[PDB]
Each structure stands twice: as C-alpha cells, then as structure tokens.
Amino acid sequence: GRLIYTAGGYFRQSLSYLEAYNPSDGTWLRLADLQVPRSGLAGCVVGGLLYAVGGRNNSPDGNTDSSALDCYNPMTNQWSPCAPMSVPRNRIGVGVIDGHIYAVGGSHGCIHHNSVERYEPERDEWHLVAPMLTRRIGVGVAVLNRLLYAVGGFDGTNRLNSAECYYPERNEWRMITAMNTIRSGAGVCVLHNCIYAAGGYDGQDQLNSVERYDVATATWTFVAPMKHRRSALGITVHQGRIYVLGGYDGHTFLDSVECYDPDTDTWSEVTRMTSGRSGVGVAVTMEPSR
C-alpha cells in the first residue's frame, strides 16, 4: 500500500511536518519531523526512499535558503542527510530520470537560477548539467519519456508561460510550445503520458485553471479547473489520479486537498490537511512499517 507524503511547507513560518495521507481510509499519519523547517522545497521518491530537496528556512530567528538534500526511509521512520546541492534553491522543481534526481532553478537570495544539477543516489554525489535557457523560480518539473520538462516560473522580472525540455543524452535544453497561461508556483506532474500544469500565480491572480501537454501533438489543452484557486500547491499522482495539496489563494493558506479523475475530467475535494500550508514537497511511496 502506498501513501501520499507531504513534507515541510509554510504557515507564518516554515514547517517541519512530515505527514502521510491514506486515500483509502482517509487518515493522516504524523511521521518524523524534518531536521530543519523548510518551505518551497520539492519531494520525490527513488528506490522507495522519500527525498526532500532545497527550500528555505523561514524562522523568527532568521531566514536562509537551503541547498540541503535529505532522505526519509518509511521502513525506519528516520530522516538522514545526503550531500547538498552546489547552491541553495528556494522554490525549486525536481524530476527523476533513470534513478537520478534533477534539481532545477529556484532562488538563492536575489539570485534566480537557470542552473540545473543531477544527484546520483548510488554515489551520493551532485554534478552540474547544462543550464536552462531561462532563469526560473517557482518552476514546475515533470519527466516524460526520460526527458525533463521545466514549466513556467518567475525569472525575477516576468512570470512565465514558456516551457523547455532537457535532453540528457545531448546535455541540451530546447524550448517547446508555451502554455496557454502564465504560471509561477503551479503544480506540474505527469499522468497517462501527459504533463499537467495546475494552478499557480500569474502576477495578478492565483489560478484555478489546469492544462495538459500532449507530446504527440505538441499542444497544451485546458481541462476542468480546480474548485479552489491556489499558488504554491503541492501535487502528485496516486493510482492514476492527480492530488493537489494546500497552497495560497491571496487570502489564506489552504488545507484543501483536491483530486482529479482523468476518466471523468472532474475535480473532487477529498480531505483536509491537519493545518493549512503552502510550498510543501509531496511524493508517493510505501506506507511506513509499524
């Protein structure tokens, strides 16, 4: 059985929570805290292990962006550190190809990264790869056919509808068709061989619209919108459905969790997080050992 894990986040300060939602019995399981409260991080899973990448520690004692990589083992309910990235990356995006973690974009202070680096778990080593054509913070990242896509974001001046595609074999980025909508802080994921971009912020409004990229047609198409507009949401796929968690709607830090069914093209609100928050890292892996 697999659960939806949400790590970190922001509500008045960065958070250390690790909680796991069971879509069947509806429970939230409170697990070992992050070593450091972090928001604006990303989550992913390699070899059953949950990784928390980047982010920022906003605390009443001071604020710092994070280069950290940390690993959670559900079999032991323990976190352990990994080697850090070359630079701190707040509002990062990540994707997994061939068992390697790609860290994309994000910010360090006023620096908006176009740089990208790759983590090899079997060596605990990071290595820089070719930088993106665009500086992107609040970038959404997805992997399709072992190509890495970076979608949207904020370049420090403009928010973006552009998307680009990384070919690992060429070590080269190439622009693709832009989204219909400018989005920073959207949730981006892959489902049934399409890239979905949900929500985000366009510099005026937080968004509820959702669009889907078909690589065969190189076209973005709108699908059903979410019930609640939200930026800095967490997103993941569990058993063929998309789940979006939390975020910010210009007024409150949401605890709403919505679920997209592709067969019916409908969003449903399925649970609430134990407290509202934005900027979480989210991923799916085996339930913890009791």
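Each form is matched to the other, and the largest set of C-alpha atoms that superpose within 1.5 Å is called the rigid core. A residue's number is simply how far along the shown sequence it sits, counting from 1.
**Q** If you line up the core and then measure how far each C-alpha sits from this form in 6 other deposited structures of this protein, which stretch comes out higher, 38-46 or 23-31?
**A** With the rigid core fitted, 23-31 is the stretch that strays more in 6 other deposited structures of this protein.
**Q** Tell me which of 100-108 and 172-180 has the higher mean C-alpha B-factor in the deposited entry.
**A** Comparing averages over the C-alpha atoms only gives 172-180.
**Q** Identify the stretch, either 243-251 or 53-61, whose C-alpha atoms have the larger mean B-factor according to the entry.
**A** If you average the C-alpha B-factors of 243-251 and of 53-61, the larger mean comes out for 53-61.
**Q** Report the option among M85, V94, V129, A186 whose CA atom has the maximum B-factor in the deposited record.
**A** The record points to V129.
**Q** Between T274, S278, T266, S14, which one tops the list for Cα B-factor in this entry?
**A** Of the options given, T266 has the highest CA B-factor in the PDB entry.
**Q** Taking the values exactly as deposited, rank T221 by C-alpha B-factor within its chain and report the matching third: lowest, middle or highest.
**A** Top third by C-alpha B-factor.
**Q** Which third of the chain does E211 land in by C-alpha B-factor: lowest, middle or highest?
**A** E211: CA B-factor falls in the lowest third of its chain.
**Q** Could you tell me which third, lowest, middle or highest, the C-alpha B-factor of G138 occupies within its chain?
**A** Middle third.
**Q** Please place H192 in the lowest, middle or highest third of its chain by C-alpha B factor as given in the entry.
**A** As the PDB entry reports it, the C-alpha B-factor of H192 lands in the highest third of its chain.
**Q** Rank-wise, by C-alpha B-factor, drop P37 into the lowest, middle or highest third of its chain.
**A** Tercile = lowest for this residue's CA B-factor.
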